[PDB]
């Protein structure tokens, strides 16, 4: 039970990489396949069954590129790679897998989709106005913002959960300069 079926996707907007990013919040996505004969649906293979049931539980019914997605357990056992239009993607041993490290289930901010995002790996002389503008530019409005004591991390509250999902998809691993890539997670905290 490692393969999720995700339907009612936005056929025109969704990519494998956006599905990687979003489902990678809850597990390590091994492979994605958008279906050729039903491009609003896709198969997603997690590393294991706990990851699959977690992703299903938290993402089913959430709004992604404007549409309410449905996430169920697939009838498939694995997601087969092809011998094209890039509907398939292999993400084996991705450097972007959050749950590489032993015990990581507790240190990746595993929470339901939340209007407040948790930012980490921020480099110095990234200002607040800089992060507000970057997040606002994903099409949302930034309601609140708070640095933690070192400015390596921050909370940032978009107007809605929908807008936070969009931002997370867009800006996780964003290059903020120096050699710092931003990490965006959900949060149960509030500013």
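Positions refer to the first chain, counted from 1.
The stretch with the higher mean CA B factor, choosing between 172-180 and 11-19, is 172-180. On average the C-alpha atoms of 182-190 have higher B-factors than those of the other stretch, with 182-190 and 2-10 being the two compared. Among 98, 83, 76, 118, the highest C-alpha B-factor in the deposited entry belongs to 83. Per the deposited coordinates, the residue with the largest Cα temperature factor out of 38, 67, 132, 33 is 38. Compared with the other modelled residues of the chain, the Cα B-factor recorded for residue 45 ranks in the middle third. For residue 165, the recorded CA B-factor ranks within the lowest third of the chain. Only modelled residues enter the ranking. Sorting the modelled residues of the chain by their CA temperature factor places residue 71 in the lowest third. When the modelled residues of the chain are ordered by C-alpha B-factor, residue 56 sits in the lowest third. Split the chain's modelled residues into thirds by C-alpha temperature factor. Residue 142 is in the highest one.
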